[PDB]
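Encoded as structure tokens, the following chain is the form deposited in one PDB entry, with no partner shown.
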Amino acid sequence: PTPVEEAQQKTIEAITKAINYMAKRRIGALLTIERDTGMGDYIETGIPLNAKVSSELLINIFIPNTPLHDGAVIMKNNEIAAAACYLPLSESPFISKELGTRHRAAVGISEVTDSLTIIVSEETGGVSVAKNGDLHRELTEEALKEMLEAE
């Protein structure tokens, strides 16, 4: 494996550890991974971090009632670019009616970028992904990790 490949594997491990922990605790989270469509316009709406990824930092960002927890984290490769970012809300009718703004924001950004967004529900602890305008819900840990590896 090249350094680039090993760095990706470390980032994927950090993300999955954070998501799994938040899911167990019903910590709502919204995490968008930029791909080939640049997300600068959305990154610039948040608080700049440009931080090395760690599971610890991801979890801390989303603790309720803290400055960084509302809005999206946007990751660029192996960095957390910004937190508390705006994303556009989707009007798709295929978003389950009980879901709130984090899921609608995730699907929204997925309609205008090739990004992958992970959502943790504060109601249920369920994990979902938005990509290309579709929301895939109730993901097992294994499924999430495979989706990230394939991404």
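Start at 1 with the first residue shown and count on from there. Take the two forms, find the largest set of C-alpha atoms that superpose within 1.5 Å, and that set is the rigid core.
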Open item on the list: Between 110-118 and 90-98, which has its CA atoms farther from the current form in 9 other deposited structures of this protein, using a rigid core superposition?
Closed with: 90-98
- [ ] Please work out which of 64-72 and 100-108 has the higher mean CA B-factor as recorded in the PDB entry.
- [x] 64-72
Open item on the list: Could you place residue 14 in the lowest, middle or highest third of its chain by Cα temperature factor, using the values in the record?
Closed with: middle
Task: residue 34 - which third its CA temperature factor falls in, relative to the rest of the chain - done: lowest
- [ ] Would you mind checking where the Cα B-factor of residue 129 ranks among the modelled residues of its chain, as the lowest, middle or highest third?
- [x] lowest
Open item on the list: Looking at the temperature factor on the CA atom of residue 23, which third of the chain's modelled residues does it land in?
Closed with: middle
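Same protein, other form: the form solved in complex with a small molecule, not shown, and the subject of what follows.
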TODO: Tell me whether 95, 110 and 134, taken together, all sit within 4.5 Å of the small molecule in the deposited bound form, counting heavy atoms only.
DONE: no
Open item on the list: Is residue 19 near the small molecule? Define near as a heavy atom within 4.5 Å, in the deposited bound form.
Closed with: yes
